[PDB]
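Q: Sequence, then the experimental structure. Questions to follow.
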Amino acid sequence: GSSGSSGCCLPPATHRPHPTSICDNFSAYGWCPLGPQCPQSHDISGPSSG
Ligand SMILES: [Zn+2]
């Protein structure tokens, strides 16, 4: 297929900070019974099925 722009992502100047541990509920489900207080991080990436 067509392809031009080589992704408008930030330079390698510095690698972004990585999480310590993602939750199990908010991870996929999206919601968590602990809310923001939850000790685990809640990062919504957006996986695919299939
Ligand atoms: Zn959680």
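A: Cool, got the structure. Numbers count the residues shown, from 1 in each chain.
Q: Contact partners for the residue lying closest to residue 25 once chain neighbours are set aside?
A: Nearest residue to residue 25, sequence neighbours excluded (C-beta to C-beta, 6 or more residues apart in numbering): residue 32, at 4.6 Å. For the C-beta atoms, the positions are set from N, CA and C on the backbone; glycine is no exception. Counting by C-beta atoms under 8 Å, 6 or more residues apart in numbering, residue 32 makes contact with 23, 25-26, 38, 40, 42.
Q: Can you report phi and psi for residue 32?
A: With angles defined as degrees, to the nearest 10, residue 32 sits at phi -150, psi 140.
Q: Against residue 20, how distant is it?
A: 16 Å (C-beta to C-beta, to the nearest Å).
Q: cool, residue 45 as well?
A: 16 Å.
Q: Doesn't residue 47 belong to a strand?
A: No - assessed with DSSP: H, G, I helix; E, B strand; the rest coil, residue 47 is coil; it does not lie in a strand.
Q: residues near it, how many?
A: 7 (other C-beta atoms under 10 Å).
Q: Then residue 41?
A: Applying other C-beta under 10 Å, I find that residue 41 has 13 neighbouring residues.
Q: Was I right to think it contacts residue 25?
A: No - the pair residue 41 and residue 25 fails to qualify as a contact (C-beta atoms under 8 Å) at a distance of 12.0 Å.
Q: Overlap of the contact sets of those two?
A: Overlap of the contact sets of residue 41 and residue 25 (by C-beta under 8 Å, 6+ apart) is empty.
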